[PDB]
Amino acid sequence: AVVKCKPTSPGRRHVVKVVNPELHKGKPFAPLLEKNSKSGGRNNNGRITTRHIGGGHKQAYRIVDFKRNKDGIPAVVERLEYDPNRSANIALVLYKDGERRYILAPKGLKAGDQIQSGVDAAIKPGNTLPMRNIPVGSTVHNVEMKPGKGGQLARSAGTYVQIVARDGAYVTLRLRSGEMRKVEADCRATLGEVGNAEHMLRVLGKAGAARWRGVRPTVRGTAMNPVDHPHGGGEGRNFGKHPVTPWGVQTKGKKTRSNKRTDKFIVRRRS
Amino acid sequence: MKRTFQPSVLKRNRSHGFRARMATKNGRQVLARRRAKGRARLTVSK
Amino acid sequence: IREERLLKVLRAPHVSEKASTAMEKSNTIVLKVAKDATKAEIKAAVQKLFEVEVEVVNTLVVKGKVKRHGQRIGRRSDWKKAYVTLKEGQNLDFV
RNA sequence: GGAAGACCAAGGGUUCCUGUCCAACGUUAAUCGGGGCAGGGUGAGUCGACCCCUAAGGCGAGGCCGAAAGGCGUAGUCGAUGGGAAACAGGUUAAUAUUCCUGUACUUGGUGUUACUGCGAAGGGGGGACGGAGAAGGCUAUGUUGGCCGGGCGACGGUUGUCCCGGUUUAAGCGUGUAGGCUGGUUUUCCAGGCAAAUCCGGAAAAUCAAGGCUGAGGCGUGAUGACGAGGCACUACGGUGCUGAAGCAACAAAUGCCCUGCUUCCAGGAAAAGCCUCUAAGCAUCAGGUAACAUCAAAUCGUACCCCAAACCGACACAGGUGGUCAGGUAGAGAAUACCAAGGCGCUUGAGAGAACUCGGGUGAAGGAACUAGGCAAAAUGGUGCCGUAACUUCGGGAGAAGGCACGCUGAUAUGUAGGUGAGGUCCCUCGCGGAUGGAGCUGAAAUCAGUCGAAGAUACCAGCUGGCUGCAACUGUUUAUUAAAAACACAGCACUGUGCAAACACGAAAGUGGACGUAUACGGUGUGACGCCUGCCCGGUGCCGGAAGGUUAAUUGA
RNA sequence: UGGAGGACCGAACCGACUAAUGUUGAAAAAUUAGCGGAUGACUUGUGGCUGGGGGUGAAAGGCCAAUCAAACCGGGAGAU
Ligand SMILES: [Mg+2]
Ligand SMILES: [Mg+2]
Ligand SMILES: [Mg+2]
Ligand SMILES: [Mg+2]
Ligand SMILES: [Mg+2]
Ligand SMILES: [Mg+2]
Ligand SMILES: [Mg+2]
Ligand SMILES: [Mg+2]
Ligand SMILES: [Mg+2]
Ligand SMILES: [Mg+2]
Ligand SMILES: [Mg+2]
Ligand SMILES: [Mg+2]
Ligand SMILES: [Mg+2]
Ligand SMILES: [Mg+2]
Ligand SMILES: [Mg+2]
Ligand SMILES: [Mg+2]
Ligand SMILES: [Mg+2]
Ligand SMILES: [Mg+2]
Ligand SMILES: [Mg+2]
Ligand SMILES: [Mg+2]
Ligand SMILES: [Mg+2]
Ligand SMILES: [Mg+2]
Ligand SMILES: [Mg+2]
Ligand SMILES: [Mg+2]
Ligand SMILES: [Mg+2]
Ligand SMILES: [Mg+2]
Ligand SMILES: [Mg+2]
Ligand SMILES: [Mg+2]
Ligand SMILES: [Mg+2]
Ligand SMILES: [Mg+2]
Ligand SMILES: [Mg+2]
Ligand SMILES: [Mg+2]
Ligand SMILES: [Mg+2]
Ligand SMILES: [Mg+2]
Ligand SMILES: [Mg+2]
Ligand SMILES: [Mg+2]
Ligand SMILES: [Mg+2]
Ligand SMILES: [Mg+2]
Ligand SMILES: [Mg+2]
Ligand SMILES: [Mg+2]
Ligand SMILES: [Mg+2]
Ligand SMILES: [Mg+2]
Ligand SMILES: [Mg+2]
Ligand SMILES: [Mg+2]
Ligand SMILES: [Mg+2]
Ligand SMILES: [Mg+2]
Ligand SMILES: [Mg+2]
Ligand SMILES: [Mg+2]
Ligand SMILES: [Mg+2]
Ligand SMILES: [Mg+2]
Ligand SMILES: [Mg+2]
Ligand SMILES: [Mg+2]
Ligand SMILES: [Mg+2]
Ligand SMILES: [Mg+2]
Ligand SMILES: [Mg+2]
Ligand SMILES: [Mg+2]
Ligand SMILES: [Mg+2]
Ligand SMILES: [Mg+2]
Ligand SMILES: [Mg+2]
Ligand SMILES: [Mg+2]
Ligand SMILES: [Mg+2]
Ligand SMILES: [Mg+2]
Ligand SMILES: [Mg+2]
Ligand SMILES: [Mg+2]
Ligand SMILES: [Mg+2]
Ligand SMILES: [Mg+2]
Ligand SMILES: [Mg+2]
Ligand SMILES: [Mg+2]
Ligand SMILES: [Mg+2]
Ligand SMILES: [Mg+2]
Ligand SMILES: [Mg+2]
Ligand SMILES: [Mg+2]
Ligand SMILES: [Mg+2]
Ligand SMILES: [Mg+2]
Ligand SMILES: [Mg+2]
Ligand SMILES: [Mg+2]
Ligand SMILES: [Mg+2]
Ligand SMILES: [Mg+2]
Ligand SMILES: [Mg+2]
Ligand SMILES: [Mg+2]
Ligand SMILES: [Mg+2]
Ligand SMILES: [Mg+2]
Ligand SMILES: [Mg+2]
Ligand SMILES: [Mg+2]
Ligand SMILES: [Mg+2]
Ligand SMILES: [Mg+2]
Ligand SMILES: [Mg+2]
Ligand SMILES: [Mg+2]
Ligand SMILES: [Mg+2]
Ligand SMILES: [Mg+2]
Ligand SMILES: [Mg+2]
Ligand SMILES: [Mg+2]
Ligand SMILES: [Mg+2]
Ligand SMILES: [Mg+2]
Ligand SMILES: [Mg+2]
Ligand SMILES: [Mg+2]
Ligand SMILES: [Mg+2]
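From first to last, the protein sequence lines stand for chains C, d and U. First residue of the first sequence: 2, per the entry's author numbering; consecutive thereafter. First residue of the second sequence: 1, per the entry's author numbering; consecutive thereafter. First residue of the third sequence: 2, per the entry's author numbering; consecutive thereafter.
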């Protein structure tokens with residue numbers, strides 16, 4: 002339920018919030034939780050290696066199963082939960098034998114849905130399987146790049162991958178970025194899409210909101226002094242140079258991808 | 001107003017205390033220099 | 002415990018108005034004891050050396066004062082004080 | 001007097017208390033002191049530290065890495081600001097007291113007996129265990145009045161009365177199980193998910209019962225024939241000592257404290273680990289070990305004085321500055337603002353005169369009312385509660401407290417105190433109780449209307465908006481040049497470009513590694529712009545970036 | 001009925017808009033009278049982390065011990 006607010010105060014005005022009424026109100030499933038500490042975007046030298054991070058509300062790490070490797074054993078969806086650790090929602094599911102696991106919550110999923118994973122599984126959303134057993138052209142998420150490693154691709158809300166080719170050991174995917182990539186057919190994937198696709202709609206409306214999300218302010222380079230940035234001071238408002246990162250590398254159009262390892266896999270760039 | 005020295009014991013001793021010096025090469029060089037100048041007390045200890 | 006240690010515990014009777022007060026009124030004596038002795042060893046040592054019955058021993062440590070002698074700043078040594086409770090039974094006296 | 005009081009933590013380290021002294025110290029004298037000299041003073045199983053357990057973070061055997069020193073990190077091992085057993089009232093010192101004394105308790109361990117008995121962990125599972133906001137019901141601390149008890153008839157009119165003053169205090173514990181919150185219960189069979197095992201956890205299936213369990217403020221009872229207690233009676237070195245000791249209840253109001261780590265709701269989704277409960281593996285089986293009652297022993301060590309809204313800490317000073325936590329009396333008041341007082345603490349360590357100019361901080365002002373000046377700078381004025389009323393414009397919320405106006409004291413009646421709030425006695429019921437209904441004594445107590453009355457003035461003090469019209473810039477709350485700049489600067493939600501396929505770009509590291517992220521293109525980084533609304537036109541010649549490989553050109557290399 | 005908000009008025013608390021006094025100060029940045037925020041991008045306690053060809057910066061070249069367009073201390077060093 003994507004909803005605007007009546008503007009009872011200037012901050013509240015532009016706020017669009019997304020209310021999913023189907024979400025579980027009340028505590029997560031404890032045995033599946035972990036401790037998580039915010040790093041302030043700082044490495045083991047205490048320096049800031051990534052700017053604009055910190056503050057933010059406290060979060061607990063939900064342990065989500067990306068390998069989906071408990072096999073041929075049906076499991077049913079108990080409830081949908083909010084995961085602070087990621088865009089998407091999650092599902093708390095119960096395998097027949099008495100085990101519970103969290104998973105990414107795919108679209109069309111709701112309390113009561115039977116799902117299952119293995120080589121044999123039926124094709125319906127929320128089911129997982131190695132991809133040579135997947136109909137070509139089908140839509141999937143939570144895709145592995147190496148067999149048994151666990152899902153990496155299309156974990157965000159509303160994202161998904163289309164399988165456009167099966168050749169020998171390699172299936173070719175149309176990635177969400179628009180880039181054709183080969184992946185070995187033995188990597189499990191999951192049917193449907195990631196749900197809560199309306200995540201992207203929601204508007205913060207006020208700086209404070211962004212600050213809850215662990216995002217600190219961003220100082221425009223050309224505002225700083227010439228010593229701090231290449232973009233540098235001037236008298237009043239002055240630019241004069243081609244745009245660069247704070248470390249001087251050219252931005253706005255320069256390709257920074259360099260790997261020669263992973264090249265044989267990539268068919269074509271996104272455009 | 002609020003001046004620069006706001007004392008704390010635990011702070012004082014973790015920062016400059018004997019053991020804190022001895023932890024490192026540099027610190028033991030401090031304690032070397034002091035023992036060579038012949039101080040009354042090397043570090044800050046009670 | 003060994004007796005050899007014992008005879009080394011108890012330095013001296015502590016003399017003062019508080020002392021006299023407790024000795025008369027509550028049946029308790031006051032001792033300067035070695036800085037390191039403990040309630041066990043003082044209980045033992047009185048019970049042994051004065052041969053009378055100790056109930057309980059409470060203790061404290063006195064920090065010596067700081068003095069000046071001829072501009073020089075010295076520090077009087079620390080020491081340990083012990084309030085030693087005797088049961089109403091014994092009567093210890095001064096001849 | 002929401003402190004200039006009382007108690008801590010920090011920090012100090014003897015400044016504490018007594019005697020004695022007055023050179024120096026104390027902005028003066030000082031007989032006094034936080035000064036000098038001497039003595040005394042800090043009493044713990046249950047308050048803290050230690051200790052048990054972990055957070056961020058640190059160190060880190062092996063290990064990876066690095067010219068050397070060294071960097072990173074695994075098993076570990078440290079690290080509280082967090083989690084972990086238990087004590088209260090009264091009495092006492094010149095100075096300690098939750099420690100000493102009186103009484104009354106409590107906890108955890110060791111040994112012992114006795115009765116019973118499947119006990120065992122670094123492994124398993126529960127528990128511990130967690131946000132913001134809100135709501136309001138139950139209470140208590142506490143206070144006010146009345147009853148009660150002791151004393152009082154009072155320097156000046158009046159005061160044997162509906163009169164005046166003072167007291168009306170009592171804890172942990174132990175027994176009880178209430179307002180409230182949470183949750184179906186019990187029995188049986190199966191399943192292997194819980195790294196091995198499981199009778200425990202989770203899962204499935206029947207059977208059966210409806211009350212069951214868990215939690216819980218406070219009340220009541222005991223604790224307590226005790227203590228405390230106004231005072232009185234004896235002695236006193238006039239500092240005190242000893243004896244005796246009345247009443248010791250009730251109604252009402254009431255927290256920000258407790259019930260409540262609860263309940264309702266929101267999204268930004270809200271520590272870890274041990275004690276603690278249970279399940280078993282290796283094991284051990286009449287041993288061991290566990291459970292209960294009685295006896296018995298132990299509970300070590302260190303801190304404890306005094307100062308902490310400061311003359312004792314941080315400011316060179318006995319410095320108009322700075323310093324976290326706790327307690328929270330009265331009348332008025334929305335109130336922890338304010339004004340005046342209580343408990344309690346102080347009069348700020350040079351006075352004494354005089355009553356000029358001038359400076360400082362104020363008070364008042366004829367007539368005028370911004371004519372002052374860079375500028376209404378400063379001053380004055382506004383100021384409260386209820387009711388009436390309120391524009392352009394608008395993003396429909398606002399603007400708006402717009403503007404402007406009206407009543408406001410006291411006394412009486414409606415009512416010798418109403419509406420409400422609380423709810424005794426009685427009668428009835430009861431699954432009999434801290435129960436239910438009825439019941440209305442007492443107690444508390446707004447608001448209004450009408451009639452009167454005082455004053456120049458009733459929001460009489462302190463307290464407590466100046467308002468309106470036009471326009472620049474910035475949407476907005478925020479942030480900033482500690483110490484001359486708070487803005488029109490910065491950020492901002494949003495918008496766009498662009499980079500990045502995960503061993504991500506990028507960043508920090510000669511490297512290992514780490515952050516990005518236990519994220520995954522609805523993600524992440526970088527640059528610009530900066531809500532919303534309307535829009536974002538032309539130019540690729542210049543520099544840049546992206547694509548192209550044909551030719552021309554060119555490095556090491558090879559050596560004709 | 002409900003109780004949203006970088007909502008409103010307003011003390012503690014946080015801050016520093018104006019004026020005067022102070023300028024060998026009561027103070028090496030204060031006081032007095034007014035002023036802004038005051039449920040949050042708030043505020044504060046204890047502990048930890050980042051180290052100078054560096055940090056950190058809602059960005060003023062601000063901040064890093066009353067010293068910052070490159071801290072402090074010892075050295076080269078009797079620099080020139
Ligand atoms: Mg670390
Ligand atoms: Mg960023
Ligand atoms: Mg995150
Ligand atoms: Mg931005
Ligand atoms: Mg600038
Ligand atoms: Mg810099
Ligand atoms: Mg530059
Ligand atoms: Mg500029
Ligand atoms: Mg210009
Ligand atoms: Mg004792
Ligand atoms: Mg002790
Ligand atoms: Mg000595
Ligand atoms: Mg006041
Ligand atoms: Mg401190
Ligand atoms: Mg201390
Ligand atoms: Mg002294
Ligand atoms: Mg004194
Ligand atoms: Mg004296
Ligand atoms: Mg003098
Ligand atoms: Mg004099
Ligand atoms: Mg004299
Ligand atoms: Mg003295
Ligand atoms: Mg304790
Ligand atoms: Mg650690
Ligand atoms: Mg090593
Ligand atoms: Mg290390
Ligand atoms: Mg430890
Ligand atoms: Mg410690
Ligand atoms: Mg602690
Ligand atoms: Mg503790
Ligand atoms: Mg005292
Ligand atoms: Mg456990
Ligand atoms: Mg906690
Ligand atoms: Mg909640
Ligand atoms: Mg009461
Ligand atoms: Mg009478
Ligand atoms: Mg109940
Ligand atoms: Mg008496
Ligand atoms: Mg409160
Ligand atoms: Mg409080
Ligand atoms: Mg004490
Ligand atoms: Mg004390
Ligand atoms: Mg203070
Ligand atoms: Mg005080
Ligand atoms: Mg001082
Ligand atoms: Mg003075
Ligand atoms: Mg002072
Ligand atoms: Mg303060
Ligand atoms: Mg008051
Ligand atoms: Mg009132
Ligand atoms: Mg007064
Ligand atoms: Mg008084
Ligand atoms: Mg005082
Ligand atoms: Mg004047
Ligand atoms: Mg005037
Ligand atoms: Mg006039
Ligand atoms: Mg006039
Ligand atoms: Mg006029
Ligand atoms: Mg003139
Ligand atoms: Mg003029
Ligand atoms: Mg003015
Ligand atoms: Mg005025
Ligand atoms: Mg206007
Ligand atoms: Mg009347
Ligand atoms: Mg009445
Ligand atoms: Mg009534
Ligand atoms: Mg009623
Ligand atoms: Mg009149
Ligand atoms: Mg009138
Ligand atoms: Mg103009
Ligand atoms: Mg602005
Ligand atoms: Mg604009
Ligand atoms: Mg502002
Ligand atoms: Mg400034
Ligand atoms: Mg200023
Ligand atoms: Mg590099
Ligand atoms: Mg690397
Ligand atoms: Mg991480
Ligand atoms: Mg982006
Ligand atoms: Mg701009
Ligand atoms: Mg071009
Ligand atoms: Mg071109
Ligand atoms: Mg090119
Ligand atoms: Mg402050
Ligand atoms: Mg500031
Ligand atoms: Mg002020
Ligand atoms: Mg204010
Ligand atoms: Mg405002
Ligand atoms: Mg305000
Ligand atoms: Mg904090
Ligand atoms: Mg800042
Ligand atoms: Mg400085
Ligand atoms: Mg430098
Ligand atoms: Mg330089
Ligand atoms: Mg030279
Ligand atoms: Mg020279
Ligand atoms: Mg020369």
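Built from N, CA and C at the ideal position, the CB exists for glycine as well.
Residue i versus residue j: straight-line alpha-carbon distance, rounded
i: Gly90 (chain U); j: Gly65 (chain U); result: 35 Å
i: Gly119 (chain C); j: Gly149 (chain C); result: 12 Å
i: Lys97 (chain C); j: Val78 (chain C); result: 11 Å
i: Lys207 (chain C); j: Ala122 (chain C); result: 47 Å
i: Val4 (chain C); j: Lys39 (chain C); result: 31 Å
i: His232 (chain C); j: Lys36 (chain C); result: 40 Å
i: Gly237 (chain C); j: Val17 (chain C); result: 36 Å
i: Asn44 (chain C); j: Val144 (chain C); result: 29 Å
i: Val20 (chain C); j: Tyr83 (chain C); result: 11 Å
When the options are compared against residue i, the one with the closest alpha-carbon
i: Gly73 (chain C); options: C:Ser38, C:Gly109, C:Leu130 and C:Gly99; result: C:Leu130
i: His230 (chain C); options: C:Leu202, C:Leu24 and C:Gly249; result: C:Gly249
i: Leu93 (chain U); options: U:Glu5, U:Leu11 and U:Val31; result: U:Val31
i: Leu24 (chain C); options: C:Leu93, C:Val165 and C:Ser139; result: C:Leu93
i: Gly235 (chain C); options: C:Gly215, C:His243, C:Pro244 and C:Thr223; result: C:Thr223
i: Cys6 (chain C); options: C:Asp98, C:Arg203, C:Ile135 and C:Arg262; result: C:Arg203
i: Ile116 (chain C); options: C:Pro107, C:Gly109 and C:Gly127; result: C:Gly127
i: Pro244 (chain C); options: C:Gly237, C:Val172 and C:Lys253; result: C:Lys253
i: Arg167 (chain C); options: C:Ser157, C:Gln60, C:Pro218 and C:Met181; result: C:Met181
i: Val55 (chain U); options: U:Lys88, U:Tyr84 and U:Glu5; result: U:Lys88
Those residues which DSSP pairs with residue i across a bridge
i: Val57 (chain U); result: Its beta-bridge partners do not exist; DSSP assigns none.
i: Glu185 (chain C); result: C:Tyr171
Cβ-based neighbour list, residue i, same chain, cut-off 8 Å, excluding 5 preceding and 5 following
i: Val10 (chain U); result: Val34, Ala35, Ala38, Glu42, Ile43 and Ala46
i: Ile74 (chain U); result: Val67 and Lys68
i: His15 (chain U); result: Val31, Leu32, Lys33 and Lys82
i: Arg6 (chain U); result: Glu42
Cβ-based burial, residue i [other Cβ within 10 Å; buried from 16]
i: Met132 (chain C); result: buried
i: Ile164 (chain C); result: buried
i: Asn197 (chain C); result: buried
i: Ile104 (chain C); result: buried
i: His58 (chain C); result: exposed
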